[PDB]
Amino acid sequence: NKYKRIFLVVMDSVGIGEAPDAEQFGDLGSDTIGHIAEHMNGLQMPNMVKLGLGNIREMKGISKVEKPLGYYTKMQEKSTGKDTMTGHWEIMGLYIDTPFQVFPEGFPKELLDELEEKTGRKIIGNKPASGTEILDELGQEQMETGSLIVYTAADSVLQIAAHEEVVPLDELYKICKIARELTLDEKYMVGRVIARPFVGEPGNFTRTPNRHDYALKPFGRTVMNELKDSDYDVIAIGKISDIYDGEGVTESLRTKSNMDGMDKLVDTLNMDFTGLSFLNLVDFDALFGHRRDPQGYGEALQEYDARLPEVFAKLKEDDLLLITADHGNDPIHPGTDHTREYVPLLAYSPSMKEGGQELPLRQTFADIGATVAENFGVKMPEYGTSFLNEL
């Protein structure tokens, strides 16, 4: 092995400017980091700067440096979709032709009709809403009618809420599995169906810990599958395991926040493993991108950057750190959807004694997967070109 351990960090939605095909997606003008840097009157990310973020692209407060710690470039998405599952699946060696869909005005009548026809239950709600709003609104109606509350959100999800004392948990799960089958349909293709059981009384409804998720498996066997099958460690941190529906994962560490995510990354640096440690930092997307909150997004980026020197201190000569993103989600952009953007790539190891250089632009996210596979001597993915020997 050239590297014993690879630490891959996805800063979820942290895009570095409109992609060549951004017009197809209604994403002309998008620029996640650049618009944030503008809003902040200069982002303070000195450690990402030291790695070479500004060498990729200069932005307010993010300048190029003469001797970046590692190698740097950006990546272009080849898959059709700009959603989380597409980006992550591509990163780990796949190509996804069929995009996952999001439903801001609610789900189509035809899908809901087929769900009614299969379940014998009425559907109410059908709108993007918080777990608090639809419950407050329609929780009482649900209790009195045995109807299902269907709701969505800014991401590719279909949520089914029902009171545990009105619809038994087992029945809610059966219903969600049916919905999961019906949404394996390109017209209605959602990343995840979510059971949202709740208890309580009107004006005091609470969601229970009995949530279950029904995800689609990646459309192909990934570099993670191949690592796991060759007896390497694949440690998933945060949403990573759910994103791949557990495929190729040997250990999964739950996280509650970006800072918690960084703590778990630090924990894996303390572990004697051989293989991949894979972190998703989701707050960027979930709390700030979709809520179009450039200030919160800016602060979160600064909070993340401040954690980095501890990571640098723990990396060994035969460790590689890879930092990237899975799409954009520009918080100064119309609507609530992701943005089709290039993503940054930084590749750093303490063994890089002379610092890094510019890498050729990565023409697919799968170049990461290809690099990982070549490093560990496993079957190369069908998609992606390794940059391992460029390092």
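Numbering starts at 1 and runs along the sequence shown.
Colleague: Do the CA atoms of 220-228 or those of 133-141 have the higher mean B-factor in the entry?
Modeller: Result of the comparison: 133-141.
Colleague: State which stretch shows the higher mean Cα B factor in the entry: 98-106 or 70-78.
Modeller: Higher mean C-alpha B-factor in the PDB entry: 98-106.
Colleague: Which listed residue, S156, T255, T119, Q159, has the largest C-alpha temperature factor in the record?
Modeller: That would be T119, according to the entry.
Colleague: When the CA B-factors of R180, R307, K264, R211 are compared as recorded in the entry, which is the largest?
Modeller: If I rank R180, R307, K264, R211 by C-alpha B-factor, first place goes to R211.
Colleague: Considering every modelled residue of the chain and its Cα B-factor in the PDB entry, is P197 in the lowest, middle or highest third?
Modeller: Tercile = middle for this residue's CA B-factor.
Colleague: Taking the chain's C-alpha temperature factors as the reference, tell me which third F387 falls into: lowest, middle or highest.
Modeller: For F387, the deposited C-alpha B-factor lands in the middle third.
Colleague: Is the Cα B-factor recorded for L111 in the lowest, middle or highest third of its chain?
Modeller: Highest third - that is where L111 ends up once the chain's C-alpha B-factors are sorted.
Colleague: Hey, what third does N375 fall into on Cα B-factor, ranked over its chain?
Modeller: Its C-alpha B-factor belongs to the middle third of this chain's values.
Colleague: Would you mind checking where the Cα B-factor of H327 ranks among the modelled residues of its chain, as the lowest, middle or highest third?
Modeller: Its C-alpha B-factor, which the entry lists for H327, ranks in the lowest third among residues of this chain.
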